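Asks: This structure is in structure tokens; I'll ask about it shortly.
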Amino acid sequence: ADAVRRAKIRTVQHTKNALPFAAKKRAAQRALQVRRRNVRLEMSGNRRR
RNA sequence: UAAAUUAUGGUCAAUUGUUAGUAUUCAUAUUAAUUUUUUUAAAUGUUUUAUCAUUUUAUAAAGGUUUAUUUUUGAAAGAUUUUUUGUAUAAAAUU
Ligand SMILES: [Mg+2]
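Position in the first sequence (from 1) plus 992 gives the number in PDB author numbering.
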């Protein structure tokens, strides 16, 4: 009975903390995102002849 | 071919753990799997001016390809001084 109780709140905390955890791990990657690639400029740069 | 010189009148050792620094496993370690994790969907407001203008704002990517590199006198710094003057443009060297 308690093993299902441990499994229930782990999925309950996952539904609540899906949105705020996705914002912090996005901002943690943006600090390491020095000189991101612009993909629409490389695809327009390959189009030029 | 110098021929054994004669108080042997001083023996009682070494080890108390304190070091002038590349040290070797042909089978173990590095790689991918038994395991990876987390995101991202473009379409964009730099600003002051004397106003249809003028003053300040000098290294984004792909492509093409390089033996090598750095420092403006000029703009600013910057001053009760002033000449667009204050030695920047080069060499050796190693695919
Ligand atoms: Mg000056």
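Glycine included, each C-beta is placed from N, C-alpha and C at the ideal position.
Just curious, the alpha helix (DSSP H) that residue 995 is in, first and last residue?
Replies: Counting along the chain, the alpha helix (DSSP H) containing residue 995 begins and ends at 994-1008.
Asks: What residues in its chain sit with their C-beta under 6 Å from that of residue 1040, if we drop five residues either side in the sequence?
Replies: Closer than 6 Å at the Cβ level, and outside the excluded window around residue 1040, lies no residue.
Asks: Between the C-alpha atoms of residue 997 and residue 1016, what's the straight-line distance to the nearest angstrom?
Replies: 28 Å
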